[PDB]
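S.K.: Before I ask anything, let me first share the structure, which is written out below as C-alpha cells.
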Amino acid sequence: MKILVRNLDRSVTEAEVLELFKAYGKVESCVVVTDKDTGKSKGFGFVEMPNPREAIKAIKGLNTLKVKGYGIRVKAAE
C-alpha cells in the first residue's frame, strides 16, 4: 500500500518519518520532501508498506500526529 504524508515541517527528515511508520509494520520505501521550495509546513512524503493491514493501522495511528508542531496528514494514495 502506498501512503501519502502531508504537512511536514522543513525540519522533518526521511529517517524521522521512517521510524514513525516502522512502529506499525514493515516499510519498503520512504520518500520525504522537505526543501526550501516546500515551506516549514508543506513538506510531503510517500511511504510504501507492503502489508495493507499494517499500512491501514499506520494511517489511522499517525494521521493528525504533531511532528515539529504541525499535525501531519496521512492517507492511502488510492
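Labels for the C-alpha cells follow display order: chains A, B, ..., residues from 1 in each chain, ligands from 1.
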Could you tell me, as a list in words, which residues of chain A DSSP assigns to helix (DSSP H, G or I) when given the backbone?

M.R.: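 Result set for chain A (helix (DSSP H, G or I)): residues 14, 15, 16, 17, 18, 19, 20, 21, 52, 53, 54, 55, 56, 57, 58, 59, 60, 61 and 62 of chain A.
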
S.K.: Run DSSP on the backbone and give me the residues of chain A it puts in strand (DSSP E or B), as a compact mmCIF listing (two decimals) with N, CA, C and O atoms, in the first residue's frame.

M.R.:
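The result, stored in out-v8.txt:
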# COMPACT_ATOMS: atom_id res chain seq x y z
N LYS A 2 0.53 2.17 -0.90
CA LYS A 2 1.20 3.46 -0.99
C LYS A 2 0.51 4.43 -0.04
O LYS A 2 -0.72 4.53 -0.03
N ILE A 3 1.29 5.15 0.77
CA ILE A 3 0.73 6.07 1.76
C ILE A 3 1.26 7.47 1.50
O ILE A 3 2.47 7.67 1.37
N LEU A 4 0.36 8.45 1.47
CA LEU A 4 0.70 9.85 1.27
C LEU A 4 0.80 10.55 2.62
O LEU A 4 -0.09 10.41 3.46
N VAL A 5 1.87 11.31 2.83
CA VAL A 5 2.09 12.05 4.06
C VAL A 5 2.19 13.53 3.71
O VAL A 5 2.89 13.90 2.77
N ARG A 6 1.50 14.38 4.48
CA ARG A 6 1.46 15.80 4.17
C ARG A 6 1.58 16.62 5.45
O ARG A 6 1.43 16.10 6.55
N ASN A 7 1.82 17.92 5.28
CA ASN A 7 2.04 18.86 6.39
C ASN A 7 3.33 18.56 7.15
O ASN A 7 3.37 18.57 8.38
N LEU A 8 4.42 18.32 6.43
CA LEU A 8 5.70 18.07 7.07
C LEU A 8 6.47 19.37 7.24
O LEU A 8 6.56 20.18 6.30
N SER A 29 9.70 1.45 1.48
CA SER A 29 10.36 2.65 0.97
C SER A 29 9.72 3.87 1.60
O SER A 29 8.53 3.88 1.93
N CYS A 30 10.52 4.92 1.75
CA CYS A 30 10.09 6.14 2.42
C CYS A 30 10.77 7.32 1.74
O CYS A 30 11.99 7.48 1.86
N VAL A 31 10.00 8.13 1.03
CA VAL A 31 10.50 9.29 0.29
C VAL A 31 9.94 10.54 0.97
O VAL A 31 8.72 10.70 1.05
N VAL A 32 10.81 11.42 1.45
CA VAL A 32 10.37 12.62 2.16
C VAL A 32 10.93 13.85 1.45
O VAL A 32 12.12 13.89 1.13
N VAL A 33 10.08 14.84 1.21
CA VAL A 33 10.47 16.07 0.54
C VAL A 33 10.25 17.22 1.51
O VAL A 33 9.10 17.63 1.75
N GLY A 43 5.89 20.34 3.51
CA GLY A 43 6.57 19.18 3.01
C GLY A 43 5.64 17.98 2.91
O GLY A 43 4.53 17.95 3.46
N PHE A 44 6.09 16.96 2.19
CA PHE A 44 5.26 15.80 1.94
C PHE A 44 6.12 14.55 1.81
O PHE A 44 7.33 14.62 1.64
N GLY A 45 5.47 13.40 1.88
CA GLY A 45 6.18 12.14 1.87
C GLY A 45 5.36 11.07 1.21
O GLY A 45 4.13 11.16 1.10
N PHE A 46 6.06 10.03 0.75
CA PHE A 46 5.40 8.89 0.14
C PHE A 46 6.01 7.64 0.76
O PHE A 46 7.22 7.44 0.66
N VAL A 47 5.18 6.78 1.37
CA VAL A 47 5.63 5.62 2.13
C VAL A 47 4.98 4.35 1.57
O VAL A 47 3.76 4.32 1.36
N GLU A 48 5.77 3.31 1.38
CA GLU A 48 5.27 2.03 0.91
C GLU A 48 5.36 1.02 2.04
O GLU A 48 6.46 0.70 2.50
N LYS A 66 1.18 15.42 15.73
CA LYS A 66 2.03 16.59 15.59
C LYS A 66 3.48 16.16 15.45
O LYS A 66 3.98 15.38 16.27
N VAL A 67 4.14 16.64 14.41
CA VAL A 67 5.55 16.43 14.20
C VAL A 67 6.15 17.80 13.98
O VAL A 67 5.75 18.52 13.06
N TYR A 70 3.36 20.60 13.63
CA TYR A 70 2.29 20.59 12.64
C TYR A 70 1.65 19.22 12.63
O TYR A 70 2.35 18.20 12.63
N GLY A 71 0.33 19.21 12.65
CA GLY A 71 -0.37 17.94 12.59
C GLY A 71 -0.19 17.38 11.20
O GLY A 71 -0.57 18.02 10.22
N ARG A 73 -0.82 14.89 7.98
CA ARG A 73 -1.96 14.22 7.38
C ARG A 73 -1.46 12.98 6.66
O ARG A 73 -0.53 13.05 5.85
N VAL A 74 -2.06 11.84 7.00
CA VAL A 74 -1.66 10.55 6.45
C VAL A 74 -2.88 9.86 5.86
O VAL A 74 -3.91 9.74 6.54
N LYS A 75 -2.78 9.41 4.61
CA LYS A 75 -3.88 8.69 3.98
C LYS A 75 -3.33 7.85 2.84
O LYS A 75 -2.22 8.08 2.35
N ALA A 76 -4.10 6.84 2.46
CA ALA A 76 -3.68 6.00 1.35
C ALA A 76 -3.69 6.81 0.07
O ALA A 76 -4.57 7.64 -0.14

S.K.: Nearest residue to residue 77 in chain A out of A:18, A:59, A:27, A:12, using only C-alpha atoms?

M.R.: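 Nearest to residue 77 in chain A: A:59.
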
S.K.: Which of these, A:23, A:41, A:36, A:78, has the shortest distance to residue 58 in chain A once you count only C-alpha atoms?

M.R.: A:23

S.K.: Which residues are close to residue 25 in chain A, i.e. within 12 Å by only C-alpha atoms, leaving aside same-chain residues fewer than 3 positions away? Reply as an MDAnalysis selection string.

M.R.: chainID A and resid 1 18:22 28 47:59 61
